[PDB]
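So the sequences go chain by chain: A, B, C, D, E and F.
Residue numbers are given in our numbering: position 42 of the first sequence equals residue 44, and the series is strictly consecutive.
Residue numbers are given in our numbering: position 277 of the second sequence equals residue 1720, and the series is strictly consecutive.
Residue numbers are given in our numbering: position 180 of the third sequence equals residue 194, and the series is strictly consecutive.
Residue numbers are given in our numbering: position 16 of the fourth sequence equals residue 232, and the series is strictly consecutive.
Residue numbers are given in our numbering: position 132 of the fifth sequence equals residue 301, and the series is strictly consecutive.
Residue numbers are given in our numbering: position 42 of the sixth sequence equals residue 258, and the series is strictly consecutive.
From the three backbone atoms N, C-alpha and C, an ideal C-beta is built for every residue, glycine too.
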Amino acid sequence: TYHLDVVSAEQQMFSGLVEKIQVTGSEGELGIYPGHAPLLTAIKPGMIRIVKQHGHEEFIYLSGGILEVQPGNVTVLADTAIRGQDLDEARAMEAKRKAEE
Amino acid sequence: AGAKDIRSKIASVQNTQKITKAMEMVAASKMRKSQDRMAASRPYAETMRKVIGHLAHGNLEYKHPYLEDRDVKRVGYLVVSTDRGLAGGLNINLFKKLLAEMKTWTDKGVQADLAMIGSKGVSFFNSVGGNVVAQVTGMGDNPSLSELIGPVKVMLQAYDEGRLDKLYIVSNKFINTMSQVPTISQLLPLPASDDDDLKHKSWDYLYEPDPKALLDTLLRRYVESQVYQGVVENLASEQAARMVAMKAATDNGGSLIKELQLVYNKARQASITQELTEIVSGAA
Amino acid sequence: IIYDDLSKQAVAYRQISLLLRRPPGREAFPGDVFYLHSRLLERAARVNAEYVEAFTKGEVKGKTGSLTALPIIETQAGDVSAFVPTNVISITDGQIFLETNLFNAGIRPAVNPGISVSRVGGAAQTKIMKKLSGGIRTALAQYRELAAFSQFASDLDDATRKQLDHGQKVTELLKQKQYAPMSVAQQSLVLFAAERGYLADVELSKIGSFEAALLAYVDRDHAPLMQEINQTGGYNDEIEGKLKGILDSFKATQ
Amino acid sequence: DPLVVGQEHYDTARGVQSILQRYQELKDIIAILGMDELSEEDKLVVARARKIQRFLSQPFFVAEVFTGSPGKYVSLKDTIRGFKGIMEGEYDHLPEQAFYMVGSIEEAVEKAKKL
Amino acid sequence: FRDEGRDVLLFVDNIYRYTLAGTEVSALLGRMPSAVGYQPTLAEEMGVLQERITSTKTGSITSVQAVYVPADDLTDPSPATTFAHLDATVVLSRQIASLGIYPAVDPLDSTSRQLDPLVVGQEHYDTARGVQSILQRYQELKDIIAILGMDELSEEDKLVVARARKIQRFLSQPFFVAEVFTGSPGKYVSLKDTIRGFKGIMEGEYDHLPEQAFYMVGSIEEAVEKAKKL
Amino acid sequence: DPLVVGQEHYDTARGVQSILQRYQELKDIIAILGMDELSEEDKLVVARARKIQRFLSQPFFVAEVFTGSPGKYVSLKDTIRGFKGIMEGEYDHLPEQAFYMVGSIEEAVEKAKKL
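Written as structure tokens, this is what we have:
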């Protein structure tokens, strides 16, 4: 079957051969099977669930990321957080005021 | 008071020497752990680089502000620095190289501003008086990308709105255990040389929802990964520099101890001789 | 026999010599100050059975005799290079260094290992104590170096962490209250507990209470074994198994 | 010794002695390497020891000519309770100067508020 | 014994106590003391004893003297006077005895001023200097091994580490008087045999033998025999 | 004394004395931790003190048989002007060796061109 990778910029989360997966695509829930055509999509926060070789069930929660598919390879480029709120612009203000004070 | 205090000074120097000897080994172990983290970091970045290369240099070629060349009117940097002392001259070397390049760009009349990681850079560039737009401190060991999301977000906002035309990351590189080098490398626009392929973009990816938004998110995640990797490598270089500095400090203490002991022995002999001359003279 | 403050005897002899106008030596002590302490301390000795038999005109035959001397010397400021301290160091068979820094610290007995030494060594020691004490010796030897790493021991090899938390607990165990001597059975029991790793899960703050509870338990339920140990001081598998049973049974309590 | 002073006084005195002894060692590291190199527990020990060191001070009303401040008299029990409180966490938040030449612990908080 | 024509060994159990006894006698006689309080005749009293220990045409007397340093101060007048007569120094360390190596002689601090090409010949000099440099290099590399691990070590430094371990274990030797301890018969090794063995170890022959084949073995010709059954 | 020598000479001498005292104070830290640990003003103090120490050297006419280089005669005006210039930082761009064994500050800048 295909070889599933789950990785982040900080760490490798999972690696192994996988028979099928369930993953929440950008526009809706998606299932991947061996020999799937090349596909690229972001993934919304939630559970991605996996069956390894011999159909052993594995569940992984993701804050988000990008899912893509290649011949024999599935790679999930997960990230730490949603990041959509952009509250850290406030964090950048104090760096300026403390430099001015 | 050679008979009174020099004996205490010798003991204090001995204790300090033993403490530095312990610190050298602690730094050497932390360097190995940082090396493991650094080696773990790379494959995610290289895979995302492969995907962005496929999207950019495919048969159909897209254009994006983060990718296209733009003329220079403002230049930006983000700089990583240690939050703890020792570690030799790493920070000062990096800061003076950054100042050299900043002065070169100033001479062309190009306004510059800095994003700052670590308090040492904050303090040095506040003393210099360079424009610092963003700061983050207090990662220590095990730094997190989550903290990094901020400054890169604001630097991106500056770049894409026209406020910034080029972006550089300033960090030291862990060449190996024995050697480290301060370096500056470009982030925006995408400097990576072009590549060519056939399999990719022939058996092209199905795009959901559309190829462009995925390219924007992909580029943002890529530059974020680049700065995280730079931070980790700078931390490893800091650990190596601290190990070296502690070795030097231990050797210096060991060299000081013997000279103090020679002086103490001279004083010890002199006191005995003087007091015995006094005793003999007093027996008139 | 215990001589309290041999330095005071040396001071008195110096006074006597100077009042008699005898030539002074280093630090105003007379020339034969070493002879004074040497001929005194050399009397402490063990004599063979034949000397005893000859002296007593054959009335005592099978017994050897001995005189053990514990002289006391006061160093002024931790200086062992003074005159009388140097002479007494050169004469005696061993040294028990008491340290003021350790006394200020929690370890009341204040005996400093690594500098204290007994040249007689294991011959003076009973079989069980000789068997057990090597673990303590090596544990403290290892613990001394790691004390530098104690400040930042959070990032260490787990082996080094175990060595450090074992040396610390042994040092905490060695402290003892004044006027409370422990029989050879009790010292051997607590040393067995420390060496065989039974203190591995006990907290540093609670070592003393563990020791007291163990001593009370063995005094209550297993007095004959303590009697045999005090009578013979022997060691063998039949004794180690009994001690293992003692410690396993106690560890269920407290 | 416990037979005279009772166990409370003996334990308090031994605790103070041990804490000051530890601080005397830690100060050597601090002097050259700086305080950041210590363990956080060693930092806490340094802080509380530096507090105790100042708390031992006391104005005498036979020295008002020198200091210009009123003298203080303290009972044994209050001294024991104050040193116990400083050895524990009760007063970690007060500054070092809050104890200097104060008197009883019950008024060090007042100087801290005044400081 | 020398006048009979033999070669004699004279053991002095503490020369320092001889110096102290001379100081006490001079103080009793009431002579004026000298620097650090020693007798004014210290140098001549030392020379009188030491100068009689020499090699005469009829025979020679050789001396092994235990030395004590009063305060670990090598500048003290007693060590300063004693060292002026010593031809060689042998240092015993408990650290080597911890490794089970006997005799526990430190090869890096023990020195002899006979170790010169004009005295012992070029081959002996070169072998001794090579052994010393290899052991010093090993002592340097042990710090690297401890601080960073064996991976840092190049393949050339691994070779010198293995050779240094084999040399450091070859120095062991069973004594005829220590048979009750080791339970092995003592061995006598001539100078040429040990010279040839160490020269061989350094030059890279016998490199293939296990390190334990050198421990307490004797000569190299016995080391190859021990390896055959080890 | 400012009355006899005048104010400028007095101020230059005391400035040199203070700079060298500060260097002596820093040298104990420099010996152990190295120069890198110093603050940026302390490093400037060290750099100026070393230049001052070098500038105090002078080739003697009687020493030509030793050094070989010709001797120099230096006026009081030139030495006070040079030391005041060094302390003001006018010559901070020159290397230390530029000041070694030079008669006057102009000779120091001339030596700097060839290092």
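Find the residues of chain F that neighbour residue 1570(B), judging by a C-beta separation of less than 8 Å, and give them in chain order.
The answer, in chain order, is 256.
For the stretch 194-211 of chain E and the stretch 225-234 of chain E, state whether three or more C-beta atom pairs, one from each stretch, are separated by less than 8 Å.
Touching, no, given that fewer than three Cβ pairs across the two stretches are closer than 8 Å.
Roughly how many angstroms lie between the CA atoms of residue 307(E) and residue 360(E), to the nearest whole one?
Using only the alpha carbons, I get a separation of about 25 Å.
Please report whether the beta-carbon of residue 76(A) lies at a distance below 8 Å from any beta-carbon of chain B.
No, residue 76(A) does not count as interfacial toward chain B.
So for residue 1584(B), helix, strand or coil by DSSP?
DSSP places residue 1584(B) in coil when its eight states are reduced to three.
Using a threshold of 8 Å, state whether the C-beta atoms of residue 203(C) and residue 187(C) are closer than that.
Going by C-beta atoms, residue 203(C) is not nearer than 8 Å to residue 187(C).
Would residue 1711(B) be called buried (16 or more neighbouring beta carbons within 10 Å of its own) or exposed?
Looking at its Cβ environment, which holds 16 or more other Cβ atoms inside 10 Å, residue 1711(B) is buried.
Could one say the Cβ of residue 166(C) lies closer than 8 Å to chain D's Cβ atoms, at least one of them?
Yes, its Cβ sits closer than 8 Å to a Cβ of chain D.
What residues are listed by DSSP as bridge partners for residue 321(F)?
Bridge partners of residue 321(F): none, in fact.
Excluding the 5 residues flanking residue 344(E) on each side, which residues of the same chain have their C-beta closer than 7 Å to its C-beta?
The residues are 355.
Can you check whether the CB of residue 338(E) is closer than 8 Å to the CB of residue 271(E)?
No; because the gap between Cβ atoms is not below 8 Å, this pair is not in contact.
Count Cβ pairs between the stretch 1672-1682 of chain B and the stretch 1604-1624 of chain B that sit closer than 8 Å; are there 3 or more?
Short answer: they touch.
Please classify residue 181(C): is it buried, with 16 or more other beta-carbons within 10 angstroms of its beta-carbon, or exposed?
Buried.
Got a sec: which bits of the stretch 125-140 of chain C sit with their beta carbon under 9 Å from any beta carbon on chain D, in order along the chain?
Of all residues in the stretch 125-140 of chain C, none has a Cβ within less than 9 Å of some Cβ in chain D.
Using 8 Å as the threshold, is the C-beta distance between residue 300(E) and residue 367(E) below it?
Cβ distance < 8 Å, so residue 300(E) and residue 367(E) count as in contact.
On the criterion of 16 or more Cβ atoms from any shown chain inside 10 Å, does residue 251(C) qualify as buried, or is it exposed?
Flag for residue 251(C) reads exposed.
Between 1533(B), 1591(B), 1518(B), 1540(B), which has its C-alpha nearest residue 1557(B)'s C-alpha?
If we check each option's Cα against that of residue 1557(B), 1518(B) comes out closest.
Residue 33(C) and residue 85(C) - do their beta-carbons sit closer together than 8 Å?
No, they are not a contact pair.
What residues in the stretch 196-207 of chain E bring their beta carbon closer than 7 Å to a beta carbon of chain B?
The stretch 196-207 of chain E vs chain B, Cβ under 7 Å: 201, 202, 204, 205, 206.
Got a sec, what are the start and stop residues for the beta strand (DSSP E) residue 15(A) sits in?
That run of the beta strand (DSSP E) goes 14-26.
Any contact between the stretch 1592-1609 of chain B and the stretch 1467-1477 of chain B? By contact I mean 3 or more CB pairs, one from each, below 8 Å.
The answer is no - the stretch 1467-1477 of chain B does not touch the stretch 1592-1609 of chain B, with fewer than three Cβ pairs under 8 Å.
Using DSSP with H/G/I as helix, E/B as strand and the rest coil, what is residue 1517(B)?
The answer is strand: DSSP assigns residue 1517(B) an E or B state.
How should residue 390(E) be labelled, buried or exposed, when 16 other C-beta atoms within 10 angstroms of its C-beta is the threshold for buried?
Exposed: under 16 other Cβ atoms inside 10 Å.
For chain F, find out if any of its Cβ atoms is closer than 8 Å to the Cβ of residue 1677(B); answer yes or no.
For residue 1677(B), the answer is no, since every Cβ of chain F falls outside 8 Å of its Cβ.
What did DSSP end up calling residue 185(E) once you bin it into helix, strand or coil?
Helix.
Under 8 Å, with one C-beta from each stretch per pair, do the stretch 1559-1572 of chain B and the stretch 1514-1531 of chain B reach the 3-pair mark?
Counting Cβ pairs under 8 Å, three or more are found: they touch.
Are the Cβ atoms of residue 178(C) and residue 164(C) separated by less than 8 Å?
Yes, they are a contact pair.
List in chain order: all unbroken beta strand (DSSP E) runs of 3+ residues lying wholly within the stretch 1480-1530 of chain B.
Listed in chain order, they are 1517-1523.
Among the candidates 244(D), 296(D), 330(D), whose CA atom is the shortest distance from the CA of residue 1451(B)?
Per the Cα distances, 244(D).
Please look up how many angstroms separate the CB atoms of residue 14(A) and residue 1483(B), rounded, as I've assumed it's under 8 Å.
Yes, they are in contact, since the Cβ atoms of residue 14(A) and residue 1483(B) sit about 6 Å apart, within 8 Å.
Among all the DSSP beta bridges, which residues are the ones paired with residue 108(C)?
132(C), per the DSSP bridge assignment.
If you draw a straight line from the C-alpha of residue 170(E) to the C-alpha of residue 95(C), how long is it?
Going by the C-alpha atoms only, they are around 40 Å apart.
Check whether the stretch 324-331 of chain D and the stretch 300-316 of chain D touch, using three or more Cβ-Cβ pairs below 8 Å as the test.
With a cut-off of 8 Å, the stretch 300-316 of chain D and the stretch 324-331 of chain D count as touching, because enough Cβ pairs lie within range.
Measuring only between beta-carbons, confirm whether residue 1450(B) sits less than 8 Å from chain D.
For residue 1450(B), the answer is no, since every Cβ of chain D falls outside 8 Å of its Cβ.
May I ask which residues mark the beginning and end of the beta strand (DSSP E) holding residue 69(A)?
Note, residue 69(A): beta strand (DSSP E), 67-72.
With DSSP run on the structure shown, which of helix, strand or coil describes residue 198(C)?
In this structure, residue 198(C) counts as helix in the three-state DSSP scheme.
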